[PDB]
Structures are given as structure tokens and as C-alpha cells.
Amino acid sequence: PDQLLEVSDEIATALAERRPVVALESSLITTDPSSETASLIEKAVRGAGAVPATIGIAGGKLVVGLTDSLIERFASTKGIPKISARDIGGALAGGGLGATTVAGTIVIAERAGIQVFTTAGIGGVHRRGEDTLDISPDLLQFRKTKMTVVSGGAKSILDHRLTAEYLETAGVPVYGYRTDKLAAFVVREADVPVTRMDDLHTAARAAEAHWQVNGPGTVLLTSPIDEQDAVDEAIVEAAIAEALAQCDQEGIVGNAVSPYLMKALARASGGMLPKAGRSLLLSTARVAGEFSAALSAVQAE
């Protein structure tokens, strides 16, 4: 066996039976102590017949399927570090809890044999990232790990066009589910083309041929936020450009800039930002569950 991995009975049975599983990250389970969200998300994933697998680090182990005991700790403990792939080693050595990010979670999901992962938005090239080189580790982790990541594109505070250019340079396939424009998190679209897939069985056959030809690597399937739930591009951009405008005059750069952009976004959105992010989270999870079903059936032939 594997001495680092602890996989729940349900997930281990689904994998043994080549049934559909969808991985979920823990780094944000922390952002909703309720849980109510995790419950709508599990429901969205199972509605397709997929098994949800929430992932994190605890006790020197990579945990696939957190126990209720564990979800409780992740919900209620103050000090929990966010763990990208490069932090996994130290999180294991330390023996405490670690809430894994996109890059951290997909490496653990892949190690267990899970092939689909979902979240509302991935990391990317930050705004002014062509100058500061502040770019999420998710983008190059997608050159190594065999995974389909289903999301609503990059998070809104990031630079959508630069992230799309970087993924193209990195050779990472970017598909749009029923669209040929890149999803822009709580904003419907960025003016960036992607390859339209109208059907998830076609997307799954494309992903499978991608792995067979190019080897282990991530396929990004973007699915935009429901049009009824979108935030106005103008509102998002003006709020962000102003938040950056205050950054220059108060002279803040570095890891300080990014959490200001996040708070400025909450503010401009009435109080709708959480509501829009939840809608995107739910619809993306549904698509991930349906995609994972369609991939199990493709790999079955």
C-alpha cells in the first residue's frame, strides 16, 4: 500500500470500481464555517452520480475524504496554514493540519487515482504580474499533474488575459463548456477565446486523447457563471482599478496588494459577492460531476 494516503471507504470503493469521483479543496472549506455550502456542493456533485472527495492534510497524512471530526477542525481551528504543492512536504513533517489549495489538492487527488477536480476559480497571473512575476503555482503544476480542473476561469482579482497567455505558453488545454469566451469568475466573460466544447462526452474524449498523446498534465474546462448571477464587468473593473489606485498613492506592493483587492471587491458588490461566488461554485460542481461521469464512461470503452 501507500503510507502517506488515507482514503475513506466510499472513495476507495468508487475508485476500485472505476466510478466517477470529483476532488474538492479544503483551503476554502475554511472560508465557510456553516457548513450549508459544503452540503449544497456535495449535492451538486452526487446529482450526477459522482462521489465528492474533500482533501486536506492532517496528522502526517494526505486525507482523501475528510471525516466529520476533521471537517469540524478545519471549520473551527484558527491557525490553519494554506498548503500549495511545494508546502506539502513540510505540512506532512509538521504533523498538524493543512488546507490544500488548487495546486496542493490536485497532486494529492492524482496520487489517489482521482481525475477530476473542481473549484469556483483557479490562481493565475496577478494584475501587474508581467512586472512583479507574481503568478500562482497552479499554472505550472498543470504541466505535471494528470487532472481535469473545472472552474469558472481565474479569480476576478487576477489578470484574465495574461493568465490565458501563460496557459497557452504552458501547453495547457483550455476548453469552454458551451462557450468560446473564457469565464471570468463572477463576471461572465473576458475578451479571450477558448475552445468551445458543446458536449461533455466530447470534452471527456478530448481530455483522454490529450493524456494519451501529451502525457500527464491538466486539462482546464471552464464553465461561466449563470448570466442571472453575474456581476457587471464595469463594477468589478472600476472597483479593482480604484483599489489599485489607492495602492500606488499609499505605496503598497507585495503580498499586501492582493488581500486589498479582495476586500474592495466585497465592497463594490453590494453584499452580493458571496452570493455570486456560491452560485458559480454550485454550477461548476454540477458540470464537474457530469464531466466525471462522462469520463468514466469514455474510459470504460
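Numbers follow the displayed sequence, beginning with 1.
Across the two stretches, 89-97 and 223-231, the PDB entry reports the greater mean Cα temperature factor for 223-231. The question of which stretch, 70-78 or 189-197, has the higher mean Cα B factor is settled in favour of 70-78. Going by the entry's values, 256 shows the largest Cα B-factor out of 256, 44, 51, 57.
When all modelled residues of the chain are sorted by CA temperature factor, residue 7 is found within the middle third. Compared with the other modelled residues of the chain, the Cα B-factor recorded for residue 297 ranks in the middle third.
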